[PDB]
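Participant: Got a structure here, written out as structure tokens. Questions coming.
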Amino acid sequence: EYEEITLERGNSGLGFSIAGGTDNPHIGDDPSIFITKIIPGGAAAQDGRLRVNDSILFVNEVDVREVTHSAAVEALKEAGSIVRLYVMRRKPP
Amino acid sequence: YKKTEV
């Protein structure tokens with residue numbers, strides 16, 4: 001259950017806000033990098049109109065979710081001008 | 001936890 005969303009990344013900052021992974025967890029029951037907020041006027045808000053909770057499965061080709069949140073935030077910015085977001089449904093509140 | 005802005 002993974003949705004494929006290509007989004008145009010902003011220059012030095014994107015426009016999303018991630019909750020935590022294995023290092024820093026919102027939940028010790030599923031270490032999966034979540035978006036808890038959309039940054040207003042950024043990449044997420046301009047290019048589409050998703051939900052935050054879209055749980056970053058693969059970004060580009062890097063295997064995130066069960067990572068440090070620092071490896072997924074870095075792989076989100078390391079996408080360049082174009083974030084290729086692939087997002088799995090595990091725990092939707 | 002801490003939410004990192006991206």
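Chains: A, B, ... in order of the structure tokens. Residues: from 1 per chain. Ligands: from 1, in order shown.
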Counting only C-alpha atoms, which residues of chain A come no farther than 12 Å from chain B, as number ranges by chain?

Facilitator: A: 9-28, 31, 33-40, 42-44, 68-79, 83

Participant: Could you pull the residues within 10 Å of residue 61 of chain A, counting only C-alpha atoms, minus those fewer than 3 positions along the same chain, as a VMD selection string?

Facilitator: chain A and resid 57 to 58 64 75 79 84 to 86

Participant: I'd like to know which residues of chain A are strand (DSSP E) (by DSSP, run on the backbone); could you write them as a list in words?

Facilitator: residues 2, 3, 4, 5, 6, 7, 8, 16, 17, 18, 35, 36, 37, 38, 55, 56, 57, 58, 59, 62, 63, 82, 83, 84, 85, 86, 87 and 88 of chain A

Participant: Store the residues of this selection in a file with C-alpha atoms, as a CSV table (one decimal), in the first residue's frame.

Facilitator:
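Everything below was put into result_19.csv:
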```
chain,number,residue,atom,x,y,z
A,2,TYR,CA,2.5,2.8,-1.2
A,3,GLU,CA,1.4,6.0,-3.1
A,4,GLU,CA,3.8,7.6,-5.7
A,5,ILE,CA,3.9,11.5,-5.5
A,6,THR,CA,6.5,13.5,-7.5
A,7,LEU,CA,6.8,17.0,-6.0
A,8,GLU,CA,8.9,20.1,-7.0
A,16,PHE,CA,7.1,19.9,4.9
A,17,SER,CA,7.7,19.0,8.6
A,18,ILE,CA,8.7,15.4,9.7
A,35,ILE,CA,5.1,14.1,8.2
A,36,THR,CA,3.2,15.7,11.1
A,37,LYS,CA,3.0,19.3,9.5
A,38,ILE,CA,2.9,20.9,6.0
A,55,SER,CA,4.7,8.1,5.8
A,56,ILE,CA,8.0,8.5,3.8
A,57,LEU,CA,8.6,4.9,2.4
A,58,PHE,CA,11.2,5.6,-0.3
A,59,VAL,CA,12.5,9.1,-1.3
A,62,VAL,CA,16.9,5.6,-0.5
A,63,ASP,CA,15.2,3.1,1.9
A,82,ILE,CA,12.6,17.3,-7.4
A,83,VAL,CA,11.4,15.2,-4.4
A,84,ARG,CA,10.3,11.7,-5.6
A,85,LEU,CA,8.1,10.7,-2.6
A,86,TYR,CA,6.8,7.1,-2.3
A,87,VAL,CA,4.7,6.7,1.0
A,88,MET,CA,3.4,3.5,2.7
```

Participant: Please return as a PyMOL selection string: the residues of chain A that backbone DSSP assigns to helix (DSSP H, G or I).

Facilitator: chain A and resi 43-47+69-77

Participant: Just the number, please: distance in Å from atom CA of residue 92 of chain A to atom CA of residue 30 of chain A, one decimal.

Facilitator: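 These two atoms are separated by 11.2 Å.
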
Participant: Taking only C-alpha atoms into account, name the residue in A:81, A:91, A:67, A:1 that is nearest to residue 53 of chain A.

Facilitator: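 Ranked by minimum distance to residue 53 of chain A, first place goes to A:91.
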